[PDB]
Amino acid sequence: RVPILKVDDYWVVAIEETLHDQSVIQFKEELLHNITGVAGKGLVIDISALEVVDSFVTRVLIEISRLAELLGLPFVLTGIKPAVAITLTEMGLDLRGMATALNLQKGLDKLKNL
């Protein structure tokens, strides 16, 4: 549903605009199942297609940031905005101590200086 790709041992995900809460969860459960079952070098998630953010999206994004930090998985969030960065820092995302990039490419490159 939400496609999880893997490009050169890196996990790559782009989140589009959603309606069913229950596909984000299908995505999160699926992603967290993937990044634990077999080895990886990092995880880039792009949220450029999202013009706003639920607390639901915000808290799933926090959940994956905290679990990758626990798995020693480099994590980059990309495609961030005005009306996203603000609510993200609001609901509790340490954006300043988080690896962030402008697009899917800058993130891949950023998961590679390490």
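Numbers for residues come from their place in the sequence shown, where the first is 1.
Per-stretch averaging of Cα B factors for 82 to 90 and 38 to 46 places 82 to 90 on top. Averaged over CA atoms, B-factors in the entry run higher in 14 to 22 than in the other of 14 to 22 and 98 to 106. In this structure the maximum Cα B-factor among 30, 63, 54, 69 is found at 54. Sort the modelled residues of the chain by CA B factor and residue 6 lands in the lowest third.
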